[PDB]
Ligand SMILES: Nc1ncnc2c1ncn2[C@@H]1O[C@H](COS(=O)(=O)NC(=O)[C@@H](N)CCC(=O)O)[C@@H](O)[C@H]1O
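A lone chain, given as structure tokens: the form solved without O5'-(L-glutamyl-sulfamoyl)-adenosine.
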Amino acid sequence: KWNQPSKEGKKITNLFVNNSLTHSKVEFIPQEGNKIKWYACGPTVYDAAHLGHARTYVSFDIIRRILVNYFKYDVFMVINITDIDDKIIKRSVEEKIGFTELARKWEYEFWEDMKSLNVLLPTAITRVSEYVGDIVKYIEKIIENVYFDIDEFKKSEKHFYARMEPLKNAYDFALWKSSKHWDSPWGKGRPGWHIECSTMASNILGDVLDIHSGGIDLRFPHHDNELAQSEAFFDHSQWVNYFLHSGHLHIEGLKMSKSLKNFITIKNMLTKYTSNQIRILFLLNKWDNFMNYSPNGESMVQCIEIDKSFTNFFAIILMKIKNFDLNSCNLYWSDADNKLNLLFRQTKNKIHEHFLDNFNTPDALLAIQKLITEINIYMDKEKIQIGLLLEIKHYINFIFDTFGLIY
């Protein structure tokens, strides 16, 4: 059974997150102080990245921004790059170009797409090719406690297999694959599909991870196997306290799958839309829920309206401040000034409640929209409290900074 961390000496914000280990919304408690150790599964570098990747990394970029810029947690984040893999091998033979040269090509394009979307880079980037030796040492320790013996793993009282999805032996999975290459004590081989993530996360972050994230497709078999693998290495029972899984994205009602050729590259999207509009799209959909994207701008129409209204809001308010004259004005605190201020401080508490509610950005975005509507009337008709307008502009800048929006 999952054991929530103790609250003593830790930052307690009363934040709740959908934890796939509990299949429920639970309060988030750091393992140490205000520190959040966070490992996120990274992409497979054989292709251009598409909207499914963008949704996961932008959604967790938004979550990371909420945790750090808004709640003041101290976040240490690591993302791996899987540049050695069966799929990478096969694509290099179809294209008759080198496997490492191809992987380096699409990792560069991935990082260029992330910067185009204003996604912050993690603290550490762990490439599988640079960590193969540590992976081999990792397997050695599992044996001291190649294929994972699932039957032996369950037998232990301190270990439980498949904490997140209910469903020698067929259920055994490979840790090390025999070469059809790199040297190892057990023979030439390649890493298995899942062991790479468990190895790299353990070396940098250690025996306990505050958060582990990824898309929902990866929950089984990949993430459930990562949990079992890491518990076997350290010989303990909970390698990850909170597991966050983003929902799937369907384009025109079907899963993005290789055979369909239904993918939309991030670069193609960016020839028609801004980073702000693409982020607004993901802010409008809850990170933990599924989404349908209708291409050709059906889904982006609402996003573009919102982006346009934020841009105009800033044009007006900066002009009003610019033309404000302290000599010619009267600064009595009117009933209109006071009513706007109450809505301003109310909106602050609403957004706080929304972020605590599992990073409910769709409702926080609507809250900002309502506040902007009220400021617009105030600026048009009422006599303006220059200090109140400036203070409001800074709060909205702070929230847009938490969203990664740039105005």
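So that there is no doubt, residue numbering starts at 1 and follows the sequence shown. What we label the rigid core is the largest C-alpha set whose atoms superpose within 1.5 Å from one form to the other.
From this point on, the text means the form solved in complex with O5'-(L-glutamyl-sulfamoyl)-adenosine, which you will not see here.
Taken together, the three residues 91, 103 and 261 lack any non-hydrogen atom within 4.5 angstroms of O5'-(L-glutamyl-sulfamoyl)-adenosine in the bound PDB entry.
In summary, the region of this chain contacting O5'-(L-glutamyl-sulfamoyl)-adenosine in the bound PDB entry, judged by heavy atoms within 4.5 Å and restricted to 324-332, 305-313, 183-191, 247-255, corresponds to 247-255. The closest heavy atom approach of residue 298 to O5'-(L-glutamyl-sulfamoyl)-adenosine in the bound PDB entry falls outside 4.5 Å.
Remark: residue 284 does not count among the residues lining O5'-(L-glutamyl-sulfamoyl)-adenosine in the bound PDB entry, judged by a heavy atom distance of 4.5 Å or less. For the chain shown alone, residue 222 is a contact residue for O5'-(L-glutamyl-sulfamoyl)-adenosine in the bound PDB entry, at least one non-hydrogen atom being within 4.5 angstroms.
In the bound PDB entry, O5'-(L-glutamyl-sulfamoyl)-adenosine sits within 4.5 Å of a heavy atom belonging to residue 41. Note on contacts: among 277, 82, 229, 241, the single residue with a heavy atom within 4.5 Å of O5'-(L-glutamyl-sulfamoyl)-adenosine in the bound PDB entry is 82.
In the bound PDB entry, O5'-(L-glutamyl-sulfamoyl)-adenosine lies within 4.5 angstroms of at least one heavy atom of each of the following residues of 203-238: 214, 215, 217, 218, 222, in sequence order. In the overlay on the core between the shown form and the other one, a shift of 2 Å or more in CA position is seen for a single residue of 289, 129, 257, 334, which is 257.
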